[PDB]
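Report on one structure; see the data block that follows.
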There are 2 protein chains.
Amino acid sequence: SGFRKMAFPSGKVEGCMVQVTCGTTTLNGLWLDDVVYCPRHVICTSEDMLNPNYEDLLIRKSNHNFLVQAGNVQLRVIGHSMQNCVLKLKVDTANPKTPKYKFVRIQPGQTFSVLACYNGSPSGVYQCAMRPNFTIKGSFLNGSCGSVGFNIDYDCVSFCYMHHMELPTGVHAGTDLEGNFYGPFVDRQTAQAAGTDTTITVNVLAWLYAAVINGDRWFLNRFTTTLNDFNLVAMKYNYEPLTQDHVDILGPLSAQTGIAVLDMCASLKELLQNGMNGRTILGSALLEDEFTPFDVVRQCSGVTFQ
Amino acid sequence: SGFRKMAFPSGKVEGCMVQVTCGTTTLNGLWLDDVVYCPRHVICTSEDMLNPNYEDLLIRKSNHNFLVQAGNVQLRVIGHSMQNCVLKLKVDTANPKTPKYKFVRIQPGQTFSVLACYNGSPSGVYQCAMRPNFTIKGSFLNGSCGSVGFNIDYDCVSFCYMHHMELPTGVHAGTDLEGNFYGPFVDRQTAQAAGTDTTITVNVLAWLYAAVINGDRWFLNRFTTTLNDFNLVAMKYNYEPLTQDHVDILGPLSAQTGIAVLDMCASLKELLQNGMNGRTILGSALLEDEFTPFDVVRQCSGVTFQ
Ligand SMILES: NC(=O)c1cc(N2CC2)c([N+](=O)[O-])cc1[N+](=O)[O-]
Ligand SMILES: NC(=O)c1cc(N2CC2)c([N+](=O)[O-])cc1[N+](=O)[O-]
Ligand SMILES: [Cl-]
Ligand SMILES: [Cl-]
């Protein structure tokens, strides 16, 4: 049946994307009901970014300075406000395409889909994970700020990320939909460096369960281990420590495959110690950590949204 | 800015997906204007599949035997016909959500996005490539037949693939929207094995150009080569032969980076000969071949659709 990095269908989010321009800056906004959400740096000029005082810069702006365009139609802005690092622009029309939705702040290791957009227009969709150092590894060019990340359960879109910037190392940082940055990052041009990019162990294990369900079994072996023994190994390889909560989340996959979680941990431990010796797993030559256990079950069972 | 395997936004296609049931079989259909397209094996029972005579099985079916449901509403079927391996069910209502579209038969090495669906409901979206042996490497469970593959230019959706089956090795086979299978495959349970899965060289090169544009440059070197010399190497590694047409398509990337195509071919040749020695390129430990040169330019320039 196969296993691929899969994004959620994005049509429900495409219908919320709009362009926001303030003065000479144009980026993306998210229109839900009668509010348009966008990064507050829409009010900055490029030289403003080294050390912006957003509250002062915003004093010079009025509702008519924010130009919001939905596809070809212009929205009328009747109010604006700053919430942490996002601006909320109140418009006079509710978006007809607004899906059921929620805003959520995700935890590191959780995955979500990104709908990259430029000037209010979608360009593509891909899957991401909030890394342990709170950056994400995406694909964003200038003008893509304001593109969002989300997850979908049935018919409800949970928005969890809004894109704000690129670090000098090429990774990305952004905020939840309440405007709070994931991690320590700030919306200004300063020295901000990311911390260790540790591997999300529980996802690697889930992906090894997906591999076995799909026929890639060469890495299975005769050993087992314990959580404390496995974790010694994980520390050495900059892997996240595995907890009993993680073992418990892998329980459904453990049950479906008949492979105890600790036995899979023993497989992963040999893989870390000896490498893959030139072989591949689910088409990869390295250990994938951007699938959560929920993702593997979802995809191995065909869940759908409406 | 980063580079990721990215699917096209799928909302324009989500609005075309429907469920089709015939007797005891349920799968997906594609509703464009007033025709619903679906695999003809919707008329088969599981035992029919070993050696189906579709034309005979279809004699026993009338318009009212095909149940088509769009979300929660039922469509009225006023005509049905077989075209190669697809059935076309004429319905009495044009789909309101039909996007501008075209049907195209793609060539091996070209990429497209798949909107996996079950029972007429989207579950996810991912990027694929028509492999040289005409199979695709997807993620499909039972009930996913009828899910389609497509590309989008601006506002026009070009549909290029409809899913029909899984081979015993786990790869997938299907048809264009005219019902002709890609490759030698047939819609019955027989011994069908895929040929060599050769690597699409021109895409690997495009992806090396994307890597350099993104800062991964460790593989660049002091050498050059020729097309005939490079091709000796490609044959040894089961890579597609590179032609002058391929060099020409990489011309725009060659121009933007200042790296002549043959010099990149020399980099790829060392990579094939020596491996990656434990290093990665654009986050991968192997050479990616599912990005076309058009894909790299599109994504490195932020093209959008409306
Ligand atoms: N790549 C960068 O140097 C950069 C760029 C921007 N964008 C505004 C220009 C922002 N930021 O948005 O604050 C911050 C950073 N930074 O490293 O802290
Ligand atoms: N995995 C298979 O053995 C298989 C399954 C199906 N599906 C119908 C059950 C089809 N086919 O659709 O023709 C063909 C094959 N085949 O290998 O040729
Ligand atoms: Cl991917
Ligand atoms: Cl890899």
Side-chain angles (χ1 to χ4, degrees), chain A residues 1-15 17 71-72 113-128 136-144 152 166 169-172 214-216 275-276 278 280 283-287 298-306, chain B residues 1-15 17 71-72 113-128 136-144 152 166 169-172 214-216 275-276 278 280 283-287 298-306:
Chain A
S1 73
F3 199 80
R4 294 301 312 279
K5 192 99 74 167
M6 212 170 64
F8 289 95
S10 55
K12 281 170 198 277
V13 177
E14 290 165 50
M17 305 302 314
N72 219 65
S113 300
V114 173
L115 175 68
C117 299
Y118 296 91
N119 304 115
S121 285
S123 61
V125 69
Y126 50 93
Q127 190 75 349
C128 272
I136 68 170
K137 294 208 200 138
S139 167
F140 298 99
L141 295 167
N142 290 274
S144 70
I152 311 181
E166 197 166 55
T169 53
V171 297
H172 302 115
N214 294 287
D216 283 358
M276 302 194 21
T280 69
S284 181
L286 42 82
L287 304 172
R298 175 169 324 99
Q299 185 174 161
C300 286
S301 86
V303 177
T304 47
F305 313 93
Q306 55 160 280
Chain B
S1 73
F3 199 80
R4 294 301 312 279
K5 192 99 74 167
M6 212 170 64
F8 289 95
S10 55
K12 281 170 198 277
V13 177
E14 290 165 50
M17 305 302 314
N72 219 65
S113 300
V114 173
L115 175 68
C117 299
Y118 296 91
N119 304 115
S121 285
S123 61
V125 69
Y126 50 93
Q127 190 75 349
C128 272
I136 68 170
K137 294 208 200 138
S139 167
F140 298 99
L141 295 167
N142 290 274
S144 70
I152 311 181
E166 197 166 55
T169 53
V171 297
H172 302 115
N214 294 287
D216 283 358
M276 302 194 21
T280 69
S284 181
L286 42 82
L287 304 172
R298 175 169 324 99
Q299 185 174 161
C300 286
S301 86
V303 177
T304 47
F305 313 93
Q306 55 160 280

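Proteins come first, then strands; the chains are lettered A, B, ... in the order of their sequence lines, and each starts at number 1.
Looking only at heavy-atom pairs under 4.5 Å with chain B, the residue among A:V125, A:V114, A:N72 that has the most is A:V125. Between chain A and the options B:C117, B:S139, B:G15, heavy-atom pairs under 4.5 Å are most frequent for B:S139. Annotation: maximal heavy-atom pairing with chain B below 4.5 Å, among A:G11, A:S301, A:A7, occurs at A:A7.
Pairing each heavy atom of B:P9 with each of B:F305, the nearest pair is CD-CD1, 4.1 Å. For B:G138 against B:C128, the heavy-atom pair with the smallest separation is CA-SG, 4.3 Å.
Listed for the B:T304 side chain is no donor-acceptor partner under 3.5 Å among the backbone atoms of A:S123. In this structure, the side chain of A:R4 engages the main chain of B:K137 through a donor-acceptor pair within 3.5 Å. Looking only at distances, no side-chain donor or acceptor of A:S121 sits under 3.5 Å from a matching main-chain atom of B:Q306.
Only the backbone of A:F3 comes within contact range of chain B, with at least one heavy atom under 4.5 Å from a heavy atom of that chain. Heavy-atom distances place both the backbone and the side chain of A:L286 under 4.5 Å from chain B. Only the backbone of B:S284 comes within less than 4.5 Å of a heavy atom of chain A; no side-chain atom from C-beta onward does.
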